[PDB]
Ligand SMILES: Nc1ncnc2c1ncn2[C@@H]1O[C@H](COP(=O)(O)OP(=O)(O)O)[C@@H](O)[C@H]1O
Ligand SMILES: Nc1ncnc2c1ncn2[C@@H]1O[C@H](COP(=O)(O)OP(=O)(O)O)[C@@H](O)[C@H]1O
Ligand SMILES: [Mg+2]
Ligand SMILES: [Mg+2]
């Protein structure tokens, strides 16, 4: 339970980094 | 290629991409056309047009002589889409996406629309991979698009290459009208891997009925992007001229990465996993050109075997999920089954053929319809010994094989297990039982033969079985003799030794015998 | 006005193309023919999506943009993309533009309507709450499709969406006095042939005589501009039969995800910033204007079955999640249910229907249907206990619930008539009265002595007792031997 | 009479021009190339066309100037039967299987001949004669001269071989 919750929490944060890098890498292409 | 008009000068280069400034007058080149850049007075360097900006500037994807391209060089236009050399004369050779032969014929458009609704027909002609696991459970028809997915070193190339090698035994014997001509496209692979496949195709006589499209990792993204398109073009020649063809793309994962490089370098807005908007459209228009044409247009075919590498059995990746939604099902290769023993490591639960039943042969449809019922009950009962549990376990042992099996040698060994000839035979000795069925024969050995026609040494019965099936008044009684003689003699004379041999240097001799029997079907 | 107003191609980046007009830009959604010659085999038609300035307008290509030079002559049509309508369309196949793609001479048309119609107002809406008996056990019992309903088939790749649409065309669309329309939105060109042939064999489409189907296909091979707009082309034809002719009509969109996905391609190239999970920011608005047109008006009644692709089996994804709000009967297909052996692969707990109500359907229908949902909910809780503890550890009454609930899961499976090739068994149309009575008796415990595998892959109770008789006879023979 | 394909388009029933192309055959792989060219020009093979092809398989040598590996006129012949029966939906007449029986006795593959006379007797009845005695002659020819079958089967070695 400890180690799966940590993976849920890592995936939560890693998801939002990766979400926003893609979204803002879009508008660098659009100026 | 054929020059026409000097459209502009080279402005910027960024590896394998460039942009041009228009020459005085502003002629404007046509979209998606080839253009020749004068690297020297004598030599040219090809390139494809990908962007036509408002300024007058033209985005180029470099193809040849990339080191020799420079800023300020003149650029001639073709005013035409990319055409390449295609025909029977191209077979047994390695070729670029642009058409140049690699050292070791009327042209056709690479950018072509797929056959429309009335142009196609339902898939009926079978395509034998030469695997009992695949040809029964996940049967591929001619004109079908069957995906191959799985991790690195799971047997994605081998199962695709052995499918091409399986055609030679048929193609040699059959009329050339119905011969499966193969087109192995090698996108982004290592160079020595292409050489080993060339030698492997040459040793099994496959080069006669095969042509190798090649865009290695050294070669630029422009060629890798265009390599599967050039592969289909070569197949469509056979399709449109009433012949059947096969196309392997190894692999579409590395094509997408090459297309992403091109798109990102030319400032196309990226989306999911940094790929452009039209990365779905990339694979869709490729795979839809593979089809089964109608009787009205020859009845030819291009069968597609796209390979797509997954990272740690993750089907949720963008490129993998795209190709699954395009193709007519998949052949999933599990990493745990590979290391576990089962080779090819075909996960039957995950794998699926969307047009399986209609694609199979009449004989193969008879046996395989029952196998779905047996393995369904075996998988359920394995989680939670019946007759399904006995016979189901033997099928799993039979599905293991290195090189592809001949249609006669496969279907008889499966028919034996279906009617229950390997029930008294133990699970470890199924490959020794199958080896002695195909190559040797026990009825002719000992004494008790007396069959008028049906034997396993006579390979020509293959095509009689395909016509009439095993469950038929012609072959049923004669076949059930062959199997009754083989089982009784194997159990009495050959399996008796295994109760005996319980000593050092005999148990090891038994192992080395049984391990070599896994390879030869 | 603006009828043959000339313009020139300003910029070409993929399917997205800018056009400069000297005497001002046309309106939005205006179709434009590219008159300039080039080396083309097929024509090019651009639809204006945006305006950049008073003289320039950004567009999307319905055909490929190959060989298109800059400054190429472009001319307006008059208005939106126009598509033929009426009874002359019946039997024929069409593309996004409305050109016949079946090689059977010119269409009889006599009127053309624009693809981009406006959705009905609040006053035009009307509710007719009657049950559409699909002849399928899981649907008719748990999530019954209503007359006039917008229905959605949500599921991942290779679960039974295309199979269920084909079975509904067999079960419902054949014995129907209304006509039908099939929007082949971005799906397999090869699947389109099999539908055309099977309808010709069954004579719902007829060459020599009366036809009762229209086919509008914009498949995977086509560029994003076509695949986006092709859903609306079919919807315009169904709108004619609804509004003008005043009739009950069926619509079949396979797949509605491919509309959203097609718009996601152009939206990137148009220069919009993508929203969540890389979709267009106008995702909810795109579905809004499309799905709102699909409705039962006072004049007629559309009854739309739709297929919905759930990408990566992620139901929380925007493309299905946004669609769920629009639908009357939401059908959810699960992969684990398919791989376990149950076809169709309908997970009944995630499903829902608006007409699952004592007022619309009968009291006996609602009470039996709720007990199946209740029993299956208890069964999922008990399934976690058996994995931990064991089957023997359960109580006396709970064991009997498992025996019934296991039979309920098996009895929910059904061999489809279109899927004779897959299942290897003849189909079963199960009546609504048969479906309710057979499931009612199973909940009572009248079929406790009936074995479990009798219920797997059969129709109603007569086929269950028939298979149970065959199981008793074959088990008697093998025991004797 | 008039005829239509699976979609319902008109189909060229004019077979006779394509038949005379198959008669000028020389090597039997050229017959397949003609059979392609009929289908390409919306003209499906007739029941007489398949029999005209079957004739060319019997008479000529194999591919062209060079021989192919594992030629088998029987396997090329039996593939063509599978095409007409299952896919094209045409029952082969009495002429069809008589060409097959000739090739068994000509090449000397008598074991096939035993299987196909059983087929010819049961399926298409006809007249089971002339070739039956010629086939039975080749069966006795193998027995009296040396032995029937190959030597890898006879061996009697057993145990840990290969
Ligand atoms: N059926 C099989 N039995 C035994 N070995 C195999 C089989 N298929 C593939 N291999 C071996 O596994 C290795 C990887 O195979 P390959 O087809 O290249 O997989 P991938 O394409 O996933 O890298 C090769 O060295 C090959 O010899
Ligand atoms: N009712 C059913 N009966 C038998 N097989 C089914 C059924 N529904 C789905 N399948 C299986 O699912 C596979 C593909 O389903 P399909 O509907 O074509 O895909 P999708 O769900 O992506 O539209 C088929 O190969 C078939 O075996
Ligand atoms: Mg590989
Ligand atoms: Mg589908």
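So for chain C, numbering is Swiss-Prot's, and the shown residues are 29-509, in order.
Technique stated in the header: X-ray crystallography, 3.2 Å.
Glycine residues also receive a Cβ, built from the backbone N, Cα and C atoms like all the rest.
Copied over from Swiss-Prot, here are the features:
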BINDING   C:184, C:185, C:186, C:187, C:188, C:189, C:190, C:191, C:216  ATP binding site
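Binding residues for ATP (C:184, C:185, C:186, C:187, C:188, C:189, C:190, C:191, C:216) extend across at most 16 Å, taking the greatest CA-CA distance. Taking the Cβ of residue C:184 (ATP binding site) as centre and 10 Å as the limit, one finds 23 other Cβ atoms among all the protein chains shown. Less than 8 angstroms from a Cβ of chain A: among the binding-site residues C:184, C:186, C:188, C:190, C:216, that describes none of them. Those binding-site residues from C:184, C:186, C:188, C:190, C:216 lying by chain D, with Cβ under 8 Å from one of its Cβ atoms: none. In sequence order, C:361, C:366, C:371, C:372, C:373 are the residues near residue C:188 (ATP binding site), counting only same-chain partners six or more apart with C-beta under 8 A.
In sequence order, C:215, C:219, C:282, C:335 make up the list of same-chain residues 6 or more apart from residue C:190 (ATP binding site) whose Cβ falls under 8 Å from its Cβ.
The C-beta environment of residue C:186 (ATP binding site), restricted to residues of the same chain at least 6 apart in sequence and closer than 8 Å, consists of C:366. Residues C:186, C:188, C:190, taken from the binding-site residues C:184, C:186, C:188, C:190, C:216, are distinguished by a CB atom under 6 angstroms from ligand 2.
Residues from the binding-site residues list (C:184, C:186, C:188, C:190) with a C-beta closer than 6 Å to any atom of ligand 4: C:190.
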